[PDB]
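Just one chain follows, in the form deposited in one PDB entry, and it is written as structure tokens.
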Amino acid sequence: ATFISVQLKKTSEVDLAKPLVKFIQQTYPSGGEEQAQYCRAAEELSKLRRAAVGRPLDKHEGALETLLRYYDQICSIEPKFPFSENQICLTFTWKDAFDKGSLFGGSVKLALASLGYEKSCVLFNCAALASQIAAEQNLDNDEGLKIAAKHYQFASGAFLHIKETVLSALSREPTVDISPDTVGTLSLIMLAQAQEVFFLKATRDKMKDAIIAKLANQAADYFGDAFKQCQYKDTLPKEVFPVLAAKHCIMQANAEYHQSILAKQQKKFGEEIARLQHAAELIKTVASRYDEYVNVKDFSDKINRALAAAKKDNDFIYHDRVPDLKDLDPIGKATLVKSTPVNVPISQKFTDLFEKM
């Protein structure tokens, strides 16, 4: 399991309660117990922030739901408070997820007094934590596969939501980690890995090789587009580009290998050999170039066993001409994934703490 996940952004603790209570007793002049109800909700909301972003400890669904709930709560608050006009100043400080900084300028962090900044960074951590949960699923288990498929698509859609909204939501230029180009690439990586999970589910369920090949071919397209966005950039961690390049080639080889089984079933023995030769060449390229990052020894042996038997029998029995790769029909593509739209509420059983306001 060589899957890419994203580290969560860190933030400093903020007293969320104090500035909110001061600016509720001014629109609603009360003596307490009536608007003290809403004031208690602000204490709950400051507690919710500390729970959602204050202790990056575990990778279970309790932590994700807490982050999702905190995201829902924030989005539900910008309307009730006319924050387009300047009042209730609140600085959120977030560190870049990827840029370590140096010893000359400290870490890379940004402080902005804007709920758009906060909910962008919170949504980043929702997507990142979802990617970590997906990447740690047992993919030799149907429930692990299902969990990973759902979470990669969620992560893809949340990174994509950040891409489309982060610039208008902020008054400054964002840090690079949440900038449209970076989260656009993260979105496509999660989309690729979701497609890979569907391929692994089809393989595990022993679906028709025609379908497995189109699923792998689609995954190759996604991985290929992802690595092309990371060809000239060093934003993401070191291991992302070679893993993407390897997965692109591995998924093309899986497409060819499963298409070659279809060719054999149709008695197209020349074509089977041509496709196995292509798969072998791709896997040899991955083995020699990306060995530190993937383990293709078992897949290589499977291809070579198939190709040896294929050639032995074609030379001795069938004498099919082995077509050139250019003369083979393209393998189709089947996409089973989509970037999940972010439509608040994204957390379960959501109840807005400021609903009656």
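Shifts are known only where both forms have a C-alpha. Take the two forms, find the largest set of C-alpha atoms that superpose within 1.5 Å, and that set is the rigid core. Sequential numbering from 1, following the sequence displayed.
What comes next is about the form deposited in another entry, which is not displayed.
- Of the residues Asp99, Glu239, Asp142, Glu164, exactly one exceeds or equals a 2 Å C-alpha shift between the shown form and the other one once the rigid core is aligned, and that residue is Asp99.
- Shown in the overlay between the shown form and the other one, fitted on the rigid core, is a CA shift at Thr66 smaller than 2 Å.
- After superposition on the rigid core, the Cα atom of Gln35 is displaced by 2 Å or more between the shown form and the other one.
- The distance between the CA atoms of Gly101 and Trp94 is at least 3 Å longer in the other entry than in the form shown here.
- Relative to the displayed conformation, the Cα-Cα distance from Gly101 to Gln231 shrinks by 3 Å or more in the other entry.
- Once the core is fitted, the segments that move between the shown form and the other one, counting only runs of three or more residues with each CA displaced by at least 2 angstroms, are 30-35, 99-107, 232-234.
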